[PDB]
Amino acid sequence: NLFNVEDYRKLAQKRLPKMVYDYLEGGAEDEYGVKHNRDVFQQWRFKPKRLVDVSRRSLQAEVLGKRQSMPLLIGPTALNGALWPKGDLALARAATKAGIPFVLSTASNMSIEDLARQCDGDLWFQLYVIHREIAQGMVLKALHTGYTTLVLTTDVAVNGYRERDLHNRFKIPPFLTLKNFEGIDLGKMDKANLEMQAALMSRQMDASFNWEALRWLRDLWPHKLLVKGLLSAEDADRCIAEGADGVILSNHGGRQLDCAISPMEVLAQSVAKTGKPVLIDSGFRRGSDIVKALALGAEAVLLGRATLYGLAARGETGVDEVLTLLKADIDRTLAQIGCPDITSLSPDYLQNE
């Protein structure tokens, strides 16, 4: 009796150990962030356009100039192998089966190569920078394995204060590890090489990464480059000014800064100012949420917890199911508001409440 994302959340809570479930569902501090992420969608209602022929609908759209089955993506999330065996691959395959991209996390349980070898869909790589030299290693590693897009996540200068993990003394499941860091040499006692082991033993990343460093990364990567974690039209504009091909408005699903605004709050403005692809995530659970954002100008929406619920509850097939429902949900929504072609969405179909 699995008819929406919520049903999968309930089912996942019943199958996951509290510690893992809390890792997944948890937010920062009081968790007003995740609640706000959901609430913000209620500030917009639909004003359907009647008597429009909607017998032939199309959810097909172009993201960064490349066509995909629908304006969605399974976003980068760490420790998927803790939610389900080989979670990273189960997701990549459901994404590929659905015709949409999958973004591998820097902190995945499967390596940039193992996935690229066991999957042929559109693969994106999300990069976290702990050590500058190590970052370049993964970047080229992903470049050689055929990853089409690179995504720099910037909202984790320091770790977010997530108390559920604190009360649970959460620990990365033993049978799992951060594969992308495995084999990163050692024994090399030079200094430089030592100044890397210190960062590898630090769950703390380079809080130093600035715009200048973005240029370094821009030159290093030849394909589409997106900056994730932006919460202002000003910052998205700067990113485009610095070479980015697009940005991802996001507050990390309310896991980093509890009082962070919802990316929906600066979406229309970012779209107007950048004049470039503005993707988004954080709070999306319903097809109506996704449509309101697409209607506001977003190029595509990335899914975080939504698809993870399908994974944690029923593995790969569970992810296929969540994507199938969401597509049908999105489809049904366009039909109701009278916008047969997903690419014709505009603020015209919305009403601010």
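Residue indices: 1-based, along the sequence shown.
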> Which has higher Cα B-factors on average according to the PDB entry: 128-136 or 145-153?
Replying inline: 128-136
>> Averaging CA B factors per stretch from the PDB record, which one is higher: 234-242 or 172-180?
In response: 172-180
> Per the entry, which of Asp190, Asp281, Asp88, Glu265 tops the list for Cα B factor?
Replying inline: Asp190
> With respect to the C-alpha temperature factors reported in the PDB entry, which of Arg314, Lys327, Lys49, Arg56 ranks highest?
Replying inline: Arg56
> When the modelled residues of the chain are sorted by Cα temperature factor, does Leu345 land in the lowest, middle or highest third?
Replying inline: middle
> How does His36 rank on Cα B-factor within its chain, lowest, middle or highest third?
Replying inline: lowest
> Would the CA B-factor of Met19 place it in the lowest, middle or highest third of its chain?
Replying inline: highest
> By the record's CA B-factor, is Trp84 among the lowest, middle or highest third of residues in the chain?
Replying inline: middle
>> Using the temperature factors of the C-alpha atoms in this entry, rank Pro222 within its chain: lowest, middle or highest third.
In response: highest
